[PDB]
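# Architecture and fold: a report
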Amino acid sequence: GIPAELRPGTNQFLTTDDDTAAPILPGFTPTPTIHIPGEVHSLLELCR
Amino acid sequence: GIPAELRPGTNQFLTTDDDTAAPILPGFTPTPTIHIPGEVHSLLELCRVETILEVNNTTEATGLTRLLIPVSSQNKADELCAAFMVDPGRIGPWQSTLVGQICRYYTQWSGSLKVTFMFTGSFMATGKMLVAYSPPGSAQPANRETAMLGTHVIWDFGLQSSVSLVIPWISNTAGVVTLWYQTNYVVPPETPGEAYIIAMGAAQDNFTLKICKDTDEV
Amino acid sequence: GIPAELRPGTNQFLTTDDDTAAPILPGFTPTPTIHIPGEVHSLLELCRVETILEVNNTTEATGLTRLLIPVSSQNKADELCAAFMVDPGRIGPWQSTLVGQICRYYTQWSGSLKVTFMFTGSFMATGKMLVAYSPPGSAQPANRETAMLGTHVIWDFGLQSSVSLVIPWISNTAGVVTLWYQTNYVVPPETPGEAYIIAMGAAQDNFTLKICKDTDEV
Amino acid sequence: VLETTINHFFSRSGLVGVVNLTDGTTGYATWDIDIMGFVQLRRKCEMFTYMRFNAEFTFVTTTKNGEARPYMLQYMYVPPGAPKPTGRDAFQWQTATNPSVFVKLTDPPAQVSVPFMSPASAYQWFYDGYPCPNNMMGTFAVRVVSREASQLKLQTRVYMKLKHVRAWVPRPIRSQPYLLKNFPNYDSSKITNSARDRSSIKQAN
Amino acid sequence: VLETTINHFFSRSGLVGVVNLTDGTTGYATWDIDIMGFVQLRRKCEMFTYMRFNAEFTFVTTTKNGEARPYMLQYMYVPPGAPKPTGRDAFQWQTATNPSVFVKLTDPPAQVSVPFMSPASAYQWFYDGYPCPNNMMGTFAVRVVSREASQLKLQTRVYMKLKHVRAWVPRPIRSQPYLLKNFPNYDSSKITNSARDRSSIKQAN
Amino acid sequence: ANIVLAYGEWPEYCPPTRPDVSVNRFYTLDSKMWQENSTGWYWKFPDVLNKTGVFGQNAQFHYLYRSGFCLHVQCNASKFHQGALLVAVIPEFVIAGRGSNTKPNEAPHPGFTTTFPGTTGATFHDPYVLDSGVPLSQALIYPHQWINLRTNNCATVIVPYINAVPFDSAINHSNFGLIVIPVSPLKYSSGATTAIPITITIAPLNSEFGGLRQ
Amino acid sequence: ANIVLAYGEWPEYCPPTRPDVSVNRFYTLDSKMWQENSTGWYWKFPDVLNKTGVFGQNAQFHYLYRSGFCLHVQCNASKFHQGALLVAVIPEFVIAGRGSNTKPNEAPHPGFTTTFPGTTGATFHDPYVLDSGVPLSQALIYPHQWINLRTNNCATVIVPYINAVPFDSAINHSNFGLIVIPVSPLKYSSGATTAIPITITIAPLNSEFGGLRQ
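Residues numbered from 1 in each chain as written, not as in the entry; some residues may be left out. Chains lettered and ligands numbered in written order. Part of a larger assembly, values for the part shown. Heavy atoms only, no water.

- As recorded in the PDB header, cryo-EM is the method behind this entry, and the stated resolution is 3.3 Å.

- As named in the PDB entry, chain D is Capsid protein VP1, taken from Coxsackievirus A10.

- In the annotation of the PDB entry, chain B is listed under the name Capsid protein VP3 and assigned to Coxsackievirus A10.

Set out below in structure tokens:
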């Protein structure tokens, strides 16, 4: 039972917030990736 | 799931709180800084600059002529020329300077001061002056020989052209700086018998400021 | 985003809680301390000082004469002079002292005490006294030879001028200190046959205090 | 041997002042910080000549009947030297240098901390001499944040706690009753004796 | 020597703007970010030629009377260049690139942080030349999230705090009163002297 | 002789002028005449010597002051007199007003001749409450001595500078007070001297002056 | 001579063309005639030399500009004249409008001949407020010198490139202004010269041009 206080910004939903969320399916492993040719990493590859 | 409890002070918005806030744009890198000359780091760099005092703040004076102490040749000797207070955080001559405007944002100040005089007059005109500091608790001196016993500098016009008087220590009943005609304002023919003195004032390295407050010029 | 739960005790304001609070002025440095002589660290430094007991607290007494035990020469021997209790946390002579006023802020006390007598009289006047401590559970002694069997000091005026009686141990039915005329108050001619005794009292290094409470003098 | 230290002798919360709000018809409510208010902490701080401490202030605001409706409240700490607010909607409330706390009635009580704010090295209440306006300690205004005027009367309780307290030059404890707030004026007549009377000097009453 | 730094000279919260909402009959309420609003921070930022800082914005929204009912509110930060919303139910509210904050009235006040968003290396308000539309700093719209139209009028207070502030090329403090918002226009007639008058030059008034 | 050092500290300099020649001399005040119905006397020290010689001249025409003191109180009586005095120094000794009024603008306040007596001292009105509402029974918490006329006739107190600020005005602020009180009254047979003298000597140890405002 | 370096920095290159031959020459402006009832003068520098020779040609037909300056202000009077000038550089010197109107579309604004005077400068209307609402009593915060007619007759100021962007247009943005103000007025006896000249020379130290748009 550690003491704590709530500061302003509590209970707000910021759109651009980098916050983790609780997963709906835990332990669910998705399909492993394969080598698909032509992967893009930034948009500067599309402007050149 | 750690146990926790909420103490008093929860859900309050303290104005002077040093708390981080969630950024609106994350990952946004701003424009990199370049070298702009003249960066300031504290306000003590702004108090240590000489600044013209408005010692002639009386009435019947125009805009600029409030910054000048007049000295004339038809002006008998062993007699007073000017006098002003020392406290910067008070209405008077120290209200037009920069240390006075800065020390109004703060409620306490301490340390030494520096008052620099500069004689704007002809080259062929000489004469002496008595600059006299009288510490707090004493009234303005009534005679020149009473002021000569306090703190004093005999500043002549022939050799020197700008004297400087350091104010030893002032707290936040203020101390009086007087300026006395001592010998004369002697002048050769074909030369005006009327000159001026520009008074400037600044702080020192001992000057410290504390307990902020919004100003009252606005 | 760590998981957490709120337990009982949330959102309560406990008076004696040792919890930090958000500072109103952050970064404000206060005035540095200087060396002021006479700093106290605990209240046990205030109990160990001798303090005049008000043993003459009866009626028909003026302001100051309540602090004095009268002794006279027309006062037969093997007879009582004065008597008072020992418990400081109780109404009586120990209410005018400082250990009694301090031990009223606390609800329990323990340890030894010290009662110091001082004879304000003439230099040429001699005589003896019997200071007698009787432990708790016993009533006030009725005879001098009954008190001489308890705790006793034969304190004469010729050699000594200030005797000291240590009270061994008192808890929080209190113990009685009596003071007996033993031989006389013999006096040469041309010297007043009436003197006084100032009684003082303090704690010892064994005296400890505990379980606080607001006082009731106000 | 820990309940007898000066720090433990002084560090404890406790009522220090009751402020009445009306919001009719003055709107706001000021309160000058002074620890000499009640006659219970005055007797403990007149035992020492010099003191130096930080303060923790707790604001417990209730309504007239007792129910707490969710209205915003502004507390404002006015440092020594700054002007007090004159009205409910004056410009002293919007001053950025007066630290404010915005809290609702349904929230837990407010709690702030005030450091040592005297130009000397320690506080003193017994000043033998002539100028003691040196230790003002600030002011604490409170108002109801709202565009229009509300129709409730509140009742605030300021609980003060002392922390990091240091004491110098102890002095005896006052026995005579009090007559004023800033002066140790006793009564020349009817001087109360410091010890209750008994029958005789040769007894154990 | 810490209360005199520029960072401490500027870093403190304080009212920066009052926004009125009606929800009749425009529904929404916009507000263009400018720190030159009040004449108390304008005088402190006209002391320096170039400034560079991040901002912390706090939204304290109350009702007309003062009571806070649990309604959802959307705040929307419009970066420099993006179009402002035109209606209560326009498509500028659903734009994903306008960062929004969803908060209730009964919740603690909202708090966001805005970085340095100028294409130059520092802000400047004294621009001697001709194009200063360079530092727009964004916009802050606010509306009530609801399907139908609500029947309450709100009152929002935007408190701004400056952080990590750097200053360049100091300049003197303006003595003349203000006349406009974006221009340093003084009055040619009735020029106020920077020092109160006294009787004679040979006195100590 | 037994010397009492106030709070266990010697008076020292500030870590300002230092006369060191004419100010470290024994200023002897007039003798007070202690009788049977006497009550007591008190002196305010930075204004007891503000009219006496070099210290008074150097303390009136300055602005900052800091010094300790060395007090010597002789009380010479015969071998047939009896009594006892309590001599004690009190830092920040505030004289209270005697009245029964609770209105701030109608309650009595002590005059200038009562708060600052001068080089002639002042007598108590109610010595049981030290003229401060505080009992003298516990006035032994201060640095103090007893002058018992059957043991000794002199007392000595070396008191340092007790103040929260390192410098203060020597005119508008009395630092501490000296109080002599006859706890046990004076008694004597017929034919003896009906009043006995009390002599006080003062040594301003480690004096410092500042701000020569003339 | 005493040289004042503005903000303690020397003008240097960008870490663009560099003429280095015909642009590092002393452009001497016309002499200003200082009299008794004069008020002052100010010059905007990246548009004072936009019509003069090689610098004007290379600054009008380019698009990016970056340079420092070396100012020399001579003020040659006789030994019987008296007075004082304040010569100071002001970064981002915005000329204010003089009026008593609060409506944005009715308040006065300075014209092009007032904001950008050219190679002939412009005179102040209210020198007590620097024509900017800001007092000249504290105009000593800028890099400045005093020309006192009893001590010296010349002043020199080396000012670097003060801007938030490394390159800027030399036509639509004046970088900084030079201000000469007779704080103490000019006095002379009858028979002397009733007006004294003030000469200004400019050296464009470390010039850089970019974007040759012809």
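## With respect to the overall build of chain D
- Each helix and strand in chain D was counted, giving two helices and eight strands.
- Put simply, chain D runs from its N terminus to its C terminus through helices and strands in the order α-β-α-β-β-β-β-β-β-β.
- Along the three orthogonal principal directions, the C-alpha set of chain D runs to about 75 × 40 × 40 Å.
- Expressed as a percentage of its 205 residues, the buried residues of chain D come to 60%.
- Accessible area of chain D: about 8000 Å², with a carbon and sulfur share of 52%. (Helix = DSSP H or I, 4+ residues; strand = E, 2+ residues; numbered from the N terminus. Buried < 20%, exposed > 50% of the residue type's maximum accessible area, 1.4 Å probe, protein only. Areas by Shrake-Rupley, 256 points an atom, 1.4 Å probe, with all protein chains shown as cover.)

## Remarks on the pattern of salt bridges
Residue and element names in this part refer to chain B.
- On inspection of all chains with the given rule, the structure shows 36 salt bridges over all chains.
- Of the charged contacts in the structure, one is a salt bridge between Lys-213 and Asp-216, with a shortest N-O distance of 3.8 Å.
- Each of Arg-104, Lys-213, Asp-216 and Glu-217 takes part in one network of salt bridges that share partners. (Salt bridge = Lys/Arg side-chain N within 4 Å of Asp/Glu carboxyl O.)

## Overview of the sheet that holds strand β1 (residues 2-4) of chain A
- Pairing in this open sheet of three strands is parallel, and the strands run β1(A)-β1(B)-β1(C) from one edge to the other. Pairing within the sheet leaves two strands with one partner each, and these edge strands are β1 of chain A together with β1 (4-6) of chain C. Each strand axis lies, on average, 45 degrees off the axis of its neighbour in the sheet, ignoring direction.
- Sheet topology note: the β1 of chain A/strand β1 (residues 2-6) of chain B ladder contains three bridges and is parallel. Residue pairing for β1 of chain B: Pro-3 of chain A is matched across the bridge by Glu-5 of chain B. (Pairing = 2+ DSSP bridges. Axes fitted to C-alpha atoms, helices over the stretch in contact; angles between N-to-C directions.)

## Considering the interface of chain B and chain E
- The interface of chain B with chain E comprises 60 residues on the first partner and 54 residues on the second.
- Broken down residue by residue, the surface that chain B buries against chain E is led by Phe-13, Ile-24 and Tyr-105 of chain B, which jointly contribute 13%.
- For the interface between chain B and chain E, the tally reads two salt bridges.
- For the pair chain B and chain E, the interface holds 23 residue pairs in polar contact.
- Contributions of two or more residues to the side of chain B that touches chain E are made by β3 (22-23), β4 (39-40), α1 (44-47), β6 (79-85), α2 (98-102) and β13 (208-212) of chain B. (Contact = heavy atoms within 4.5 Å. Buried area = accessible area lost by both parts, 1.4 Å probe. Polar contact = N/O pair within 3.5 Å; in protein donor to acceptor, adjacent residues only side chain to side chain.)

## Quick look at unusual backbone geometry
- Phi angles above zero are rare outside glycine, and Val-169 of chain D is one such case at about 60 degrees.
- As for its placement among the helices and strands, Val-169 of chain D is situated in strand β8 (residues 154-170).
- For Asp-20 of chain G, which is not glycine, the phi dihedral falls at a positive 65 degrees.
- Structurally, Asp-20 of chain G is set in the loop between β1 (4-5) and β2 (27-28).

## Details of the arrangement of the chains
- There is a clear gap between chain A and chain D: no contact, and 10 Å between their nearest C-alpha atoms.
- Separating chain F from chain G is a minimum C-alpha gap of 31 Å, and the two share no contact.

## Remarks on the side chain of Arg-42 of chain D
Residues and elements named next belong to chain D.
- With respect to the helices, strands and loops of the structure, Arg-42 is situated in helix α2 (residues 42-45).
- In this structure the side chain of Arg-42 is engaged in a polar contact, spanning 2.9 Å, whose partner is the backbone oxygen of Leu-180.
- Polar contacts involving the side chain of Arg-42 include one to the main-chain carbonyl oxygen of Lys-181, which spans 3.4 Å.
- If near-sequence neighbours (up to four positions away) are discounted, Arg-42 is found in contact with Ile-35, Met-36, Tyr-178, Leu-180, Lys-181 and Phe-183.

## Re helix α1 (residues 53-60) of chain F
All names here are of chain F.
- By the burial criterion, the buried members of α1 are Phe-55, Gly-56 and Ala-59. Around the axis of α1, the buried residues are gathered within 95 degrees of arc, so they sit on the same side.
- Of the surrounding elements, those touching the buried residues of α1 are β2 (27-28), β5 (64-66), β6 (69-74) and β13 (208-210). (Arc of directions from axis to C-beta.)

## Details of the pairing of strand β7 (residues 82-91) of chain F
Residue and element names in this part refer to chain F.
- With 10 of 10 residues buried, β7 is to be regarded as a mostly interior element.
- In the sheet, β7 pairs with strand β11 (residues 176-187) via eight bridges, with the strands oriented antiparallel. When the sheet's bridge partners are listed, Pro-91 is paired in β11 with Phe-176.
- As paired elements, β7 and strand β9 (residues 144-148) share five bridges and run antiparallel to each other. Looking at β9, one finds that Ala-88 is bridged to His-144.

## Digging into the packing of aromatic side chains
- All told, the structure shown has 61 aromatic pairs over all chains when counted by the stated rule.
- Aromatic side chains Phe-10 of chain E and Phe-48 of chain E sit 6.2 Å apart centroid to centroid with 55 degrees between the ring planes, which places their arrangement in the tilted category.
- Judged by centre distance (5.6 Å) and plane angle (75 degrees), the ring pair of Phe-112 of chain F and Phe-116 of chain F falls under edge-to-face.
- A residue is classified by how much of its surface remains accessible, and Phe-112 of chain F, at 51% relative accessible area, is exposed.
- Taken together, the aromatic side chains of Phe-84, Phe-117, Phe-119, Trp-155, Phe-157 and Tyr-185 of chain B make up a single cluster linked through ring pairs.
- A cation sits over an aromatic face here: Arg-42 of chain E above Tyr-178 of chain E, 4.2 Å from the ring centre.
- Looking at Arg-213 of chain F, its charged tip hangs above the ring of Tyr-133 of chain B, at a distance of 4.9 Å from the centre. (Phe/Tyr/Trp six-rings, centres within 6.5 Å; stacked < 30°, edge-to-face > 60°. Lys NZ or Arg CZ within 6 Å of the ring centre and 35° of its normal.)

## Some words on the nonpolar core
- One finds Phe-117, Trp-155 and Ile-167 of chain C, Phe-10 and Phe-57 of chain D together with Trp-146 of chain F to be the most contacted residues of the largest nonpolar core, which totals 126 residues.
- Excluding residues that lie within four positions of it along the chain, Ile-167 of chain C makes contacts with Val-86, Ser-112, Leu-113, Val-115, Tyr-133 and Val-177 of chain C.
- If you look at the next biggest cluster of nonpolar residues, it comprises 124 residues, including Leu-64 and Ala-195 of chain B, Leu-154 of chain E together with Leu-130 of chain G. (Core = buried A, V, L, I, M, F, W, Y, C linked by side-chain atoms within 4.5 Å.)

## Concerning the sheet that holds strand β3 (residues 72-78) of chain D
- What the four strands build is an open sheet, ordered β2(B)-β4(D)-β3(D)-β7(D); its pairing is antiparallel. The open sheet has two edge strands, β2 (13-14) of chain B together with β7 (139-144) of chain D, and neither has a second partner.
- One ladder, built from six bridges, connects β3 of chain D with β7 of chain D; its direction is antiparallel. Each bridged residue has a counterpart across the sheet, and for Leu-73 of chain D the counterpart in β7 of chain D is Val-144 of chain D.

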